[PDB]
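Note that ligands are numbered from 1 as they come in the structure, with each ligand's atoms numbered from 1 the same way. Residue numbers count from 1 along this sequence.
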Amino acid sequence: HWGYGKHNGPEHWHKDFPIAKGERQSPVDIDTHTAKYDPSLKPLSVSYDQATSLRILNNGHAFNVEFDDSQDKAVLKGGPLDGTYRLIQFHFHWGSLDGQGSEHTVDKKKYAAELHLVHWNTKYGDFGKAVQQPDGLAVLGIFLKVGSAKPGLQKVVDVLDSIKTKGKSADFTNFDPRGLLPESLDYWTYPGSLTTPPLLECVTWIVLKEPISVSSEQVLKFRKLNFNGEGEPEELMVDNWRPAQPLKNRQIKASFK
Ligand SMILES: COC(=O)c1ccc(SCCc2ccccc2)c(S(N)(=O)=O)c1
Ligand SMILES: [Zn+2]
């Protein structure tokens, strides 16, 4: 039902998911002038040396690259987090044009796309239990700008033609997510939500300041995916981003400067 089309997009979601108008919704604009440096934040620890990718799925809205999260393999800790968060999947949001596509904005700047690495807090045992908790998930958000190609993204771009339509999947083993990180792990953090239904208020957002560069050709290939299933009229998968939501009673903290 819900999507990003002309009649089922973000402004409609509240009708099936009333939390869409909640107190800690994501994404948000990051006002860099008002984000406060927090000397008590730790450096982020991203430990992806043992990550085990399995499969890539066109989920009907984006594509998920899925990881084996049955053991402590690929974990995020440190930064603003307590305990250990296990990577379960990553996906992106992107635009129909380079001037839009990110969910978070920075001083109202939209990036071409935004990568989300989703992790769940191991103290809750599994992802389904974790999304029921205010500290259940940590999502690491990375902006994409269009410029030089990102070599470590090419393996993702090249498998997209095999999962063009909703519900298609493909084997996707041995992919190393370290190739999608920028040089600096300086970040902003704030408490928020999933940005798609069910919009649960269970996420500690960590958004890296430094964007990665991808080529125009790479993001053009994202835009050839389809929201529709096989044998249905083509709906290009573009503009699958939720706009900035009210910050309300929240502080965005900076790990730097
Ligand atoms: C276009 O965006 C997506 O396709 C997308 C898919 C998954 C997720 S996270 C898991 C959401 C979920 C689904 C079902 C049950 C409990 C949680 C997100 S985000 N931006 O991290 O909120 C976006
Ligand atoms: Zn997302």
K.L.:
For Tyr111, does the six-membered ring have the charged nitrogen or CZ of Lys109 within the cation-pi criterion, i.e. under 6.0 angstrom from the centroid and within 45° of the normal?
P.N.:
yes

K.L.:
For atom 14 (C) of ligand 1, which protein heavy atom lies nearest, and how many Å away is it?
P.N.:
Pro198 CD, 4.0 Å

K.L.:
Ignoring hydrogens and geometry beyond distance, is a side-chain donor-acceptor pair present between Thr204 and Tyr85 at under 3.5 Å?
P.N.:
no

K.L.:
Please could you name the atoms of ligand 1 that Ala62 approaches to less than 4.0 Å, counting only its heavy atoms?
P.N.:
1 (C), 4 (O)

K.L.:
Which part of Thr195 is near ligand 1, with near meaning a heavy atom under 4.0 Å away: side chain, backbone, both or neither?
P.N.:
both

K.L.:
Could you point out which residue of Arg242, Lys248, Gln245, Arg250 forms a side-chain hydrogen bond (donor to acceptor under 3.5 Å, both in side chains) with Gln25?
P.N.:
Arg242

K.L.:
Does an N or O anywhere in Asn64 fall below 3.5 Å from an N or O of ligand 1?
P.N.:
no

K.L.:
Nearest to atom 10 (C) of ligand 1, what protein heavy atom do you find, and at what distance?
P.N.:
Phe127 CZ, 4.0 Å

K.L.:
Will you find, in the side chains of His1 and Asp16, an N or O donor that is under 3.5 Å from an N or O acceptor?
P.N.:
yes

K.L.:
Between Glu103 and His93, is any side-chain donor less than 3.5 angstrom from a side-chain acceptor?
P.N.:
yes

K.L.:
To check your reading of the model: name the closest protein heavy atom to atom 7 (C) of ligand 1, its residue, and the distance in Å.
P.N.:
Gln89 NE2, 3.7 Å

K.L.:
Looking only at distances, please establish whether an N/O atom of ligand 1 is found under 3.5 Å from an N/O atom of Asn240.
P.N.:
no

K.L.:
Can you sort out which atoms of ligand 1 are near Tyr4, meaning under 4.0 Å from one of its heavy atoms?
P.N.:
1 (C), 2 (O)

K.L.:
Is the shortest distance from a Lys or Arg side-chain nitrogen in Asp126 or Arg86 to a carboxylate oxygen in the other one below 4.0 Å?
P.N.:
no

K.L.:
What about the rings of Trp205 and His116, do their centers lie closer together than 6.0 Å?
P.N.:
yes

K.L.:
After noting the C-alpha distance and the side-chain angles of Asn228 and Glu235, does the key distance pass the side chain to side chain donor-acceptor pair (under 3.5 Å) rule?
P.N.:
CA-CA 6 Å; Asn228 50 286; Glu235 304 167 54; 5.9 Å; no

K.L.:
In Å and rounded to the nearest 0.5 Å, what is the NZ to NZ distance from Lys129 to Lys123?
P.N.:
15.5 Å

K.L.:
Show me which atoms of ligand 1 lie under 4.0 Å from any heavy atom of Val118.
P.N.:
21 (O)

K.L.:
Show which atoms of ligand 1 fall inside a sub-4.0 Å distance from at least one heavy-atom site of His116.
P.N.:
20 (N)

K.L.:
Name whichever N, O or S atom of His93 ends up nearest to the Zn ion (ligand 2).
P.N.:
NE2

K.L.:
For atom 4 (O) of ligand 1, what is the closest protein heavy atom, and at what distance to 0.1 Å?
P.N.:
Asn59 ND2, 2.9 Å

K.L.:
Where does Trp205 meet ligand 1, judged by heavy-atom distances below 4.0 Å: at the side chain, the backbone, both, or neither?
P.N.:
neither

K.L.:
Using a strict 4.0 Å cut-off to heavy atoms of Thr196, name the atoms of ligand 1 that fall inside it.
P.N.:
2 (O), 3 (C), 5 (C), 18 (C), 22 (O), 23 (C)

K.L.:
Which bit of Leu194 is near ligand 1, meaning a heavy atom under 4.0 Å away: side chain, backbone, both or neither?
P.N.:
both

K.L.:
So which N/O/S atom does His116 have closest to the Zn ion (ligand 2)?
P.N.:
ND1

K.L.:
Heavy-atom distance under 4.5 Å between the side chains of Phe63 and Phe222, does that happen here?
P.N.:
yes

K.L.:
Test of understanding: clusters of I, L, V, M, F, W, Y form through side-chain heavy atoms closer than 4.5 Å, transitively. Do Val156 and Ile142 belong to the same one?
P.N.:
yes

K.L.:
Taking N or O atoms only and a 3.5 Å limit, does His91 qualify as a polar contact for ligand 1?
P.N.:
yes

